[PDB]
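Okay, here we've got a single chain as structure tokens, the form deposited in one PDB entry, with questions on binding and movement later.
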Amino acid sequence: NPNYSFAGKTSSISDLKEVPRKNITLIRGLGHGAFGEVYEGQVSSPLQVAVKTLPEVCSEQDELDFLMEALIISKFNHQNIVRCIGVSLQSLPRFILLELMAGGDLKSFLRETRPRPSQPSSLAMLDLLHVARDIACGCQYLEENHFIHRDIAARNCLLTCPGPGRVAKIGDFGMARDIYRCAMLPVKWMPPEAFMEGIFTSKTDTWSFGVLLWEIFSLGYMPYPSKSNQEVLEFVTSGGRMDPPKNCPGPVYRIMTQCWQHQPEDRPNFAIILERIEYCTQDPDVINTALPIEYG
């Protein structure tokens, strides 16, 4: 019966909104994340949801991890963090019910929606700046509430829909969950002090957000092209930084390099990041820059 605290308030399993199992219907598989499969579902004009499932074959620790994940997501309240409709923990397999994000994960979206001869203007700079603003807004909410994400990366962000008017949200809190209670650490998203001293602060998430910005403006490339985890660790620790993505406007790259200052005190907080993203968004020289066309 672990307690969870956020924003000075303590909650437990009894605070989660249990939805009767008979009201929940699975429609289709949407793929898998940290735990088992995620399904499209509906709760009884039914409510459309994403259903995160816990494998019935799992450890005591897997169970406790799943519970902590439920508590974490249920206590956030922000438009750029996926909502939790509720849980179904009293039937097996256990479910967490979340806001359905019909556009899928941000990394996949960027790779699949790259401008190409068949879809020549599938995305523009403003689409990318809007995604960046959306995630920066969610990050600012976390920072204001003293929550350190620890894995701000494109794979962990989701889109409401594929089309125009999409909203990007933070959708996975697995790293924070593990720490609340190595070839799997997200080395390529971590600042020098994090992988050395294990020191984490909100300026950790600033650094990671810089890497996310690179992922966005590269249209979904893996950070540090051609470098392994240890090569990145040594590169970053020695002052090495990524080059601008193809066609990236200068003002946008400058946000990245500010996010990647060696000393955490020299990195901007998220209020400043949002200010800078807004300035880029209003600058015609930025938003009129054409994205590269991937040949196809």
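Numbers for residues come from their place in the sequence shown, where the first is 1. Superpose the two forms; the largest set of C-alphas matching within 1.5 Å is the rigid core.
The discussion below concerns the form deposited in another entry, not included here.
Trainee: Rigid core superposed, CA of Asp15 - does it shift 2 Å or more between this form and the one not shown?
Mentor: Yes, its C-alpha moves 2 Å or more.
Trainee: Relative to what's shown here, the Cα pair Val87 and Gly8 differs by 3 Å or more in the other form. Does it come closer or drift farther?
Mentor: Here the pair is farther apart than in the other form; there, closer.
Trainee: In the other form, the Cα separation between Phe6 and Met101 changes by 3 Å or more relative to the shown form; did it shrink or grow?
Mentor: Relative to this form, farther apart in the other form.
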